[PDB]
**Student:** 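Here's a structure for you.
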Amino acid sequence: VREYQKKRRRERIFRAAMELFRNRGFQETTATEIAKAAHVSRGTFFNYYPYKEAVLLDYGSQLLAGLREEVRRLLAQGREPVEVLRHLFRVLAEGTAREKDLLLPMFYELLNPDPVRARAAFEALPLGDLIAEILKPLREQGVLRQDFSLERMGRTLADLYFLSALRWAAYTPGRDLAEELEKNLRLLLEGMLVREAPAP
Amino acid sequence: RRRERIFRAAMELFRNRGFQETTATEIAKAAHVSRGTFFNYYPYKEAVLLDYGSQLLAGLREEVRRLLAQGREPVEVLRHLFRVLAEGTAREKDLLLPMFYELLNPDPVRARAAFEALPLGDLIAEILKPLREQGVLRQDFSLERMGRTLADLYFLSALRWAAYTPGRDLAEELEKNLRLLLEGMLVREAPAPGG
Ligand SMILES: CCCCCCCCCCCC(=O)SCCNC(=O)CCNC(=O)[C@H](O)C(C)(C)COP(=O)(O)OP(=O)(O)OC[C@H]1O[C@@H](n2cnc3c(N)ncnc32)[C@H](O)[C@@H]1OP(=O)(O)O
Ligand SMILES: CCCCCCCCCCCC(=O)O
């Protein structure tokens, strides 16, 4: 019973924090307000979430898990891997824009000077590995290079998504993020060098 | 000579005591100027790093334009540029890290100033020009845009390397960025390629 009670307590604290972050802002909301809203002590809030960003990482992990189900579902349905890739970035751009105010402070956590926290953020948001799953079928199809691992190429594309999304959210939210992510995808997938146009 | 005296004094304190630990007050004293005078030249400490970075880039720019002039192949010049960047980043990691972080300073005004002081993307675009003229680069993206994307990959790689994982071979990491962005992840196995 204690296990269930702890999971329930963590979820209530999580819900309480997300609502406050949404309604009043992430930076403006304190651990004491979250604790009060979830009916726990300030000390208990920290036992579950050592720092406020850990709450956002939990949300990000949830978002990524949904994207993982979606990607696996599409591949299983027989969608072309490249189209699944384009779709993923399209939805990533759309979702990032919808949740901009919550995701921005989350993105900075991946740049935390403290390496333990940067690593924690990285492990909670493994987009690189999800991309690698889409590249896999391409490698088996013989159209993907094999001098670099799937994980390394996936990591690279995810790193680009990260920098584009962060700069978009922090400095140029008026620009078209979907267009920017499509640019990253095309450039890394096809390269800057021209390719063969098939016969009509 | 005050701008140069301040820069020199600041770099020496950073060298001997550390960038984070050094204060404007100490730099001013070491350069024999008031704190007020120091700020006219450098509004904030990281601006000294931008000046340093801008100078390193100017050096690379000379070397690059020079090699192209003497007929070196564009791709080879690009390969050279990144070998140089990897080596330099490794040698000056402690001072370059806070500079890299200033590039993502939440304050848009500061982020912009940093970007404009360190235009690596524009230099890469200069190197791509001969390739554009040969007609072998896609035209749905400008040279500046593609060059800036390759510079972004250098930034991401260098920041990770310097802040979290210096055990990686940074030179190979940058060659990987170059290979992937130039050639793409998709194979190039046309039995009859162009050229
Ligand atoms: C909806 C919102 C979405 C939101 C989606 C958000 C996406 C964000 C994406 C990331 C954005 C950024 O990180 S921006 C960059 C700045 N931030 C960061 O880097 C985050 C913090 N970074 C780190 O903690 C580190 O750099 C890591 C964890 C990323 C990687 O470090 P690491 O694993 O020690 O080192 P790495 O170079 O990866 O691996 C070294 C060798 O170990 C090998 N190796 C592989 N597996 C293992 C293993 N099980 N056990 C031992 N070794 C292994 C690797 O193949 C490699 O071999 P070999 O081939 O080398 O010989
Ligand atoms: C020898 C070290 C030279 C360091 C040059 C740093 C250039 C950083 C460019 C960052 C571009 C960007 O992604 O905004």
Side-chain angles (χ1 to χ4, degrees), chain A residues 56-57 59-68 88 91-96 98-99 102-103 106-131 148-149 151-152 154-167 171, chain B residues 49-50 52-60 81-82 84-93 95-97 99-104 111-112 114-124 147-170 172-173 176:
Chain A
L56 302 174
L57 292 179
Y59 183 34
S61 296
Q62 169 196 340
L63 293 175
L64 180 64
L67 290 173
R68 178 181 299 115
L88 173 61
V91 165
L92 264 176
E94 296 168 343
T96 297
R98 288 198 293 282
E99 297 290 42
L102 297 170
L103 300 180
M106 189 194 73
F107 292 151
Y108 282 116
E109 189 61 16
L110 286 152
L111 304 174
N112 199 296
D114 177 357
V116 169
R117 274 177 60 163
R119 188 182 187 75
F122 191 85
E123 294 186 60
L125 310 164
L127 175 57
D129 292 338
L130 174 51
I131 290 167
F148 290 114
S149 74
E151 299 67 41
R152 202 164 175 211
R155 177 174 290 182
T156 296
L157 192 50
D159 284 332
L160 276 187
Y161 156 71
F162 169 75
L163 189 59
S164 289
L166 173 47
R167 290 167 73 177
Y171 316 121
Chain B
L49 299 187
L50 295 186
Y52 168 54
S54 174
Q55 292 187 55
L56 296 174
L57 185 60
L60 293 173
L81 172 53
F82 288 110
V84 172
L85 281 169
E87 288 180 51
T89 301
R91 293 178 180 186
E92 289 301 326
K93 70 163 298 192
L95 212 50
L96 294 176
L97 184 56
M99 188 192 74
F100 293 146
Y101 277 114
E102 180 64 7
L103 273 163
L104 291 179
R112 175 164 177 290
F115 181 81
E116 293 174 355
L118 311 172
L120 170 63
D122 290 345
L123 176 56
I124 294 174
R148 283 175 183 179
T149 297
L150 188 53
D152 286 341
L153 288 179
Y154 159 69
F155 175 78
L156 287 158
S157 292
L159 185 168
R160 170 174 292 136
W161 186 88
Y164 312 117
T165 319
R168 171 166 294 277
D169 176 346
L170 188 53
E172 187 282 335
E173 167 68 11
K176 174 223 72 193

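A note on names: the letters A, B, ... follow the listed sequences, proteins ahead of strands, and every chain is numbered from 1. Note that ligands are numbered from 1 as they come in the structure, with each ligand's atoms numbered from 1 the same way. Below, all heavy atoms of this structure are taken into account, side chains as well, without hydrogens, waters or symmetry copies.
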**Student:** Give the residue, atom name and distance (to 0.1 Å) of the protein heavy atom nearest atom 7 (C) of ligand 1.
**Tutor:**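 Going atom by atom, the protein heavy atom closest to atom 7 (C) of ligand 1 ends up being A:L125 O, 3.8 Å.
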**Student:** B:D122: what forms a salt bridge (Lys or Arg N to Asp or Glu O under 4.0 Å) with it, not counting sequence neighbours?
**Tutor:**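 B:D122: salt bridge (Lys or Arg N to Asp or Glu O under 4.0 Å) contacts with B:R148.
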**Student:** Say you draw a straight line from CG of B:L104 to CG of A:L163; how long is it, rounded to the nearest 0.5 Å?
**Tutor:**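 The CG atom of B:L104 sits 6.0 Å away from the CG atom of A:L163.
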**Student:** Checking contacts now, so for atom 60 (O) of ligand 1, which I'm interested in, is there any protein heavy atom under 4.0 Å?
**Tutor:**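 Yes.
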**Student:** Determine whether A:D159 and B:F155 make a side-chain contact, defined as any pair of heavy atoms from C-beta on separated by less than 4.5 Å.
**Tutor:**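 Answer no - side chains too far apart.
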**Student:** So, using side chain to side chain contact (heavy atoms under 4.5 Å, CB included) as the criterion, who are the partners of A:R152 when residues are at least two apart?
**Tutor:**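 For A:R152, the residues satisfying side chain to side chain contact (heavy atoms under 4.5 Å, CB included) (neighbours in sequence not counted) are A:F148, A:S149, B:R168, B:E172, B:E173, B:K176.
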**Student:** Of the side chain and backbone of B:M99, name the one, both, or neither that has a heavy atom under 4.0 Å from an atom of ligand 2.
**Tutor:**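 Just the side chain.
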**Student:** Can a protein heavy atom be found under 4.0 Å away from atom 3 (C) of ligand 1?
**Tutor:**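 No, there is no protein heavy atom closer to it than 4.0 Å.
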**Student:** Below the 3.5 angstrom mark, is there an N/O of A:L110, backbone or side chain, next to an N/O of ligand 1?
**Tutor:**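 There is such a contact, yes.
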**Student:** Quick one: does any side-chain atom of B:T89 pair with a main-chain N or O of B:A158 as donor and acceptor, under 3.5 Å?
**Tutor:**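 Pair absent, no side-chain N/O of B:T89 close to backbone of B:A158.
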**Student:** Among B:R168, A:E99, A:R155, B:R160, which residue places a heavy atom closest to atom 30 (C) of ligand 1?
**Tutor:**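 Among B:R168, A:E99, A:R155, B:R160, the closest heavy atom to atom 30 (C) of ligand 1 comes from A:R155.
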**Student:** Nearest 0.5 Å, please: how far is CG in B:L170 from CG in B:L85?
**Tutor:**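 Spacing of CG (B:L85) from CG (B:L170) equals 9.0 Å.
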**Student:** Scan the protein's non-hydrogen atoms and note whether one is under 4.0 Å from atom 52 (N) of ligand 1.
**Tutor:**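 No; the ligand atom in question lacks any protein heavy-atom contact below 4.0 Å.
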**Student:** Which option out of A:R119, A:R117, A:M106, A:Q62 puts a heavy atom nearest to atom 28 (C) of ligand 1?
**Tutor:**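 Residue with the shortest heavy-atom distance to the ligand atom: A:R119.
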**Student:** Protein heavy atom under 4.0 angstrom of atom 43 (C) of ligand 1, is there one?
**Tutor:**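 No.
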**Student:** Counting only heavy atoms, tell me which of B:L120, B:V84, B:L103 gets closest to atom 10 (C) of ligand 2.
**Tutor:**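 Minimum heavy-atom distance to atom 10 (C) of ligand 2 goes to B:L103.
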**Student:** Can you find a protein heavy atom closer to atom 40 (C) of ligand 1 than 4.0 Å?
**Tutor:**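 Given the 4.0 Å cut-off, atom 40 (C) of ligand 1 does not count as touching protein heavy atoms.
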**Student:** Report the part of A:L163 in contact with ligand 1, treating N, CA, C, O as backbone and CB onward as side chain, heavy atoms under 4.0 Å; options are side chain, backbone, both, neither.
**Tutor:**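 Within the 4.0 Å criterion, A:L163 makes no contact with ligand 1.
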**Student:** Under a 4.0 angstrom heavy-atom cut-off, which atoms of ligand 1 come close to B:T165?
**Tutor:**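 It comes down to these atoms of ligand 1: 25 (C), 26 (O), 31 (O), 35 (O).
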**Student:** Has the side chain of B:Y52 got a donor or acceptor atom that lies under 3.5 Å from a matching backbone atom of B:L95?
**Tutor:**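 Side chain of B:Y52 to backbone of B:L95: no pair is present.
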**Student:** Can you find a protein heavy atom under 4.0 Å from atom 17 (N) of ligand 1?
**Tutor:**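 Given the 4.0 Å limit, the answer for atom 17 (N) of ligand 1 is yes, a protein heavy atom qualifies.
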**Student:** Counting from 1, what ligand 2 atoms have a heavy atom of B:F155 closer than 4.0 Å?
**Tutor:**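 Within the 4.0 Å cut-off of B:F155, ligand 2 contributes 13 (O).
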**Student:** Measuring to protein heavy atoms, does anything land under 4.0 Å from atom 57 (O) of ligand 1?
**Tutor:**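 Answer no: nothing from the protein, no heavy atom, is under 4.0 Å.
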**Student:** Would you call B:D152 a ligand 2 contact, heavy-atom distance under 4.0 Å?
**Tutor:**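 For ligand 2, residue contact (heavy atoms, under 4.0 Å) with B:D152 is present.
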